[PDB]
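Enquirer: The sequence isn't on hand, but the structure is:
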């Protein structure tokens, strides 16, 4: 019979009636499960041994995708779907969350012989990538409400990811002054939604699937790792004091995350070679956080 | 002097005045300990540094044995002692727990030079074995109340385990229709008893040992791992929907655990090759769960 | 941490019973920690070779715990 | 249901008389709690011997002197004089053990309590068994 | 508790030695253990220092027993400075690991005794161990 | 009172432990590199103290026996037998136990089955956790011995030009058992001079090796003169042995792994049309995750007149 | 201005760093494969950045020194010295530091101790965390050097037939120290020509190697002609070095591991009675977790006339399950390990070296532990007054005569084996009763473990 290989698969995200086949996929992980109500009615009459278990709900699925950067920048739609406002090829973090509910979309995981798993009512809840000395890759995390098995599906023949972008060394700046001795710049963006369970007595003897959710908060964060370097005795630029507001940018040849004003906290580790670690979050009144997506030639 | 080697040992279980020497023992683990009451009486008069610790109880021991299947089927007595009713060579899971207290027995761990450790007031609390592509072995877990050191002991010269049964591939059926692409069938049976601590003021200045216990519940469970295989598009037999009641049997050449009616929950993992995982428990009104022990030639 | 060793059948010196008060000293050529009276709890592990483990704390009325520091030649 | 402890290892002290006394007590478990009454040792005699080995043909190191202290309280004493202790010390194994050079293996011992009379059945009973060790002394 | 008869004596070179034993009888039936001292009547202590445990070993020295304050149980075991010198003469030239001043001089044990207090010679060993000479510098 | 030489070894392959006849046992013509045996496991328990005067002593326990290892090399020697007039290889039951887990049936269509034209082996019926079960019988000079319940783990075939076509067998058995009495008369079961002449009439020379490779995605046949190669039939069979602390144990049963049919083919680069260079350039230009090639390695060459071939 | 050649190296083994005399230092005759040295540890600290214009620079720190390694091979050369007239091997202090952790005492009974008959090494006193401590002195041409506070890690002995009996030593030292001044005059301490002649008179040839193996659980001696083998005496000594970040460190002390006495013995398969094939078949048929074998490897052979020999004796040995080594001639390997009766008992095995071994000497070495202590060879039991029979209710206090007349253990035990018509006591006073009409036997065996048999069939009847 037909076995199902992960390497022989195709992941298509269905949004607005168009299929976004996300090629250049390094690895994805997903699971499906059901919720049970298992009670044991041991009584003084009969100290029974057999439980009363009924399947009544579908446990929400947690799908994680690892997607390489591409020249056609389809992967920026994950920021677009997660709530960021768009102007050109740059994504803004809005001052306030636009809507109460996230942007919902369906996703297919295609396989050979018309086999498919249909995740519905999905939303992008996490996107983080590490700019480092290895090839950058953004791990997106989406949560589903209802999963199903379907025969025919949506396959993104045209909308697809192009060639992976060549590696380019990261560099973090303050205005235009470079920060020396970078190790690993990791950026994190989240849409911490929550499922609104509305399982009621009208759903008795039926399988319940989560359908609606609301956004608790959105945020942009970055953890920067440096080597503890000082150029002067009693230096003022490079030290361990906190910085309430400072313009920061984690720049690459193909992407540049901008914090117009940042709150930096420093942490020193007395390891083999001393390392300082930053904790960059935008300030209260900071302008929207920028995320530029340069395909080629900026 | 005399050292004590685990390989040079003999474990004899004393039940009903007869010694059940359990040979074909792959490995066992045990520990003994005491309970203390350590309080520090720091006062405004004397902020002392020396605690007031008295040993007043023996912490119950947790002995785990790993026993190979044998041709004389002495190992089925663990199901017999754990509470299952017996008819011929098949063990039933009773609808209700027979008695409030479990079946108590003593156990010896013999060693050379008349050295022994005497575990008393033991009961079988867990038995689970995995039918897989390796040789099956059932790990039993017993809990003791009182441990002691004795000079002479009970040694099961006659009652002993025979030769280990040859390996035979497991197979799980629904009625008589085989379930394809089995990976690992793991069965679990438990007698979740609880110690009734009755340490009172008449035991002050004495070491207390647990003596009596009551059965909270008995259960039979099995976790089945398959490969996600489908033979048709929109198949009805093989899918991810829950099955409220279905006859299942995890069969081998020497053992067959039967669920007359089973509650199956399925879980799909999108791993290198897709794997589905079952969660088989007997239903509310299901007939007693069968465990047959075939020595040779069924 | 010791190995479970017994010299006699039904030995009294080496066994698993707790010891409310017993003078103990963990001695070296350069350091010696002394417990004038100790509360010992024993724990047996049925490992490859049986091991017993002590838990030594000074008693309530024990004299102060000693820690000697010998540089050379005691 | 519990186990007995017939195997007991004795340790004697060189140049010092060794005295061991055993009390036999009747026991029972019933509706009323454990009732114990001393066993009346009448026509009850003891006899113990020590040899350097279990195997047949072992040299008899010495023998124990047996006596009954109190029949009403069911107490019997099994011991040996100081000269017998010296005799056993001479015949002990010369192999010492580190961490305690005092103790040396002397051999194996058994004790049988018997009741012999015309109306009494010819019944013996090995009450104990084990090995005899010696704590070598320097005084005397 | 259990048994702690084994204690090692470290006697000083060129200095007379005297040990003070407060005999005692502790009972742990009541939580504050009874401090009743044994009463020293018809009691005599004997102790010899003999190199090695083998039979025929030469007697290096002999302890001198003193019984004082019988009511409260205390007693004294001692030996003159001449006995100390005789002990130090026959001590081995190898020094102890933990202290480079001590040298093994022999073994010892003291034996209590009741002499017909109830028409019984109830003599048993009190303590035992090894005797160590500590080399002096003053003389 | 005698020494045993390896040159006098004779190997018989059987499917039965009794009732040995010419249809259950035949001699297998082996070479110098024949080897067999069985290893044992042990353990040392050592006390590891830290104080002065520590205990320095060890102790050994025999705990388990490993699966018996055997291996030998044989020549690929197809021929036709006079009794059935069907082409058959002398070590045909080895091929069957390699190919399928069912009872041997040369009249069938799966596993090792012969014909009036050629002897054929296909792996269409190897879905079994325990393939066809053999018993290797070893005769060294006068003493007998055999390995109980063997399984053909793999069959190595090395295409070594300027050498004869040869196959190397490997496998495992439950236990090697020395036999004091003769199981069967080796004179009768062993191959006689007539079939020896018939066999030596047919030899496969690795030099005359043509290869036929075709890209099924493009319909492009290549002309690649081989320099040297090898292909393997592997079962990845693992033998399970029980763990018992009180007594030593021997393997009890086995389980076949994943059936692999790999190969490796070396050749010189040719600038001619449809040569090695063209195949290499096409393969490195396409850069495809999956390929569909038809490969037909023909040992012994192809000719208009009758020639032996594998 | 000179180059130093390895051929001019001379090795002296010492127990003292000063006051070097002929009883503390002797030369050790080494071979070409001699080697010594000391390695050092280091570390590289490299900065691993990710941005453009990264820093590409490293830095090295010396952090510690390893324990000094030394090894050399010597010939087993037993002989008797003129001064003491006791058989001694020239590298005897090496054997002592291998065997025991106490001060050397050849007059004693533990470790390396000699005798007027043979030189013996037993491991009955090796329960020490720091064995006897040596100092290897190395003299290459003119310059001096030595390794401080060495310990004998192991001693490899390879039974390579058609070659001479040789032992390879290995060990570790705290630190290798080069000496500018001469510690002692090597001319005086080094062996002179007379003792060289005496030594070269005695050589051990590995070809003449007989092996004596016996199954103690079955009483079956095997006749196995060896093809090649080896046995090792290993201490598993590990040297501890402190970790200091600011300064380099050298090892400070050591700790002995687990004493192992293993071996490996290759031989051809023999179909003869009690041959290699029988041993292999018995071992693979029994399939026992533990074995009790007596192994006595006798290098140099056994002969009636005096011959040099080196003997390893394993009283209670453990033999692995053999395997067949398929070669041009079929063979096998008998890998064994000498285990003690008790873990803290020592006595795993012992060795006896001498240039004068008659067969009786090695026999009583094997069965008594010393070549000088004679051992009983045969016994015929004797009754009380040359009596041939017995009647019902009659005593028979039987006696014993033994050979040789100078055996140290002249006593025997008593037992009844065949028939049930009499009983015997410890002294031998056989006693019978009525209704005894069968033939009963009596047996006696010595207490030295020789394996001597004393038997007699007494024809006890019902009487006249």
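Expert: Sure thing, it's come through. Numbering: from 1, shown residues only, chains lettered A, B, ... in the order given.
Enquirer: Residue A:20 bridge partners, please.
Expert: Taking DSSP bridges as the rule, residue A:20 bridges to residue A:13.
Enquirer: Quickly note the distance from the residue nearest to residue A:164 when sequence neighbours are not counted to residue A:119.
Expert: Closest residue to residue A:164 apart from its sequence neighbours, by C-beta to C-beta, 6 or more residues apart in numbering or on different chains: residue A:68 at 4.5 Å. Any C-beta I mention is one placed from the backbone N, CA and C, and that applies to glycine too. Remark: distance between residue A:68 and residue A:119 (C-beta to C-beta, to the nearest Å) = 21 Å.
Enquirer: These two: which is more packed in?
Expert: residue A:119 (25 against 18; other C-beta atoms under 10 Å in any protein chain shown).
Enquirer: how close does the more buried one get to chain B?
Expert: 11 Å (C-beta to the nearest C-beta, to the nearest Å).
Enquirer: Which secondary structure element is home to that residue?
Expert: strand A:115-131 (DSSP states H and E).
Enquirer: Parallel or antiparallel, which strands does the next helix or strand after that strand pair with?
Expert: Later in the chain than strand A:115-131, the nearest helix or strand by DSSP H and E is strand A:137-143. Using DSSP bridges, strand A:137-143 pairs in its sheet with strand A:62-68 (antiparallel), strand A:115-131 (antiparallel).
Enquirer: ok, residues contacting strand A:137-143?
Expert: By C-beta atoms under 8 Å, 6 or more residues apart in numbering or on different chains, the residues outside strand A:137-143 that reach it are A:26, A:60-69, A:75, A:78, A:107, A:119, A:122-129, A:193, A:195.
Enquirer: Residue 197: how many residues sit nearby?
Expert: Here I'm looking at chain A. For residue A:197, using other C-beta under 10 Å, the count is 13.
Enquirer: Can you look at chain F instead?
Expert: Neighbours of residue F:197 (other C-beta under 10 Å): 10.
Enquirer: For it, give me phi and psi.
Expert: phi -60, psi -40 (degrees, to the nearest 10).
Enquirer: residues touching residue 123, list them.
Expert: Picked chain A for this. A:81, A:82, A:102, A:103, A:104, A:105, A:142, A:143, A:191, A:193, A:213 are the contacts of residue A:123 under C-beta under 8 Å, 6+ apart.
Enquirer: um, chain F though
Expert: F:99, F:100, F:111, F:233, F:259, F:261.
Enquirer: Quick check: which element contains the last one?
Expert: For residue F:261, the enclosing helix or strand under DSSP H and E is strand F:260-267.
Enquirer: swap in the fourth one?
Expert: Counting by DSSP H and E, the element that carries residue F:233 is strand F:226-234.
Enquirer: Tell me what angle that strand forms with strand F:260-267.
Expert: Following axes from the mean of the first three to the mean of the last three C-alpha atoms, to 10 degrees, one obtains 170 degrees for the angle between strand F:226-234 and strand F:260-267.
Enquirer: ok, back up a step: so which of the contacts of residue F:123 is the closest to residue E:84?
Expert: Distance to residue E:84 across the contacts of residue F:123 (C-beta to C-beta) is lowest for residue F:259, with 89.0 Å.
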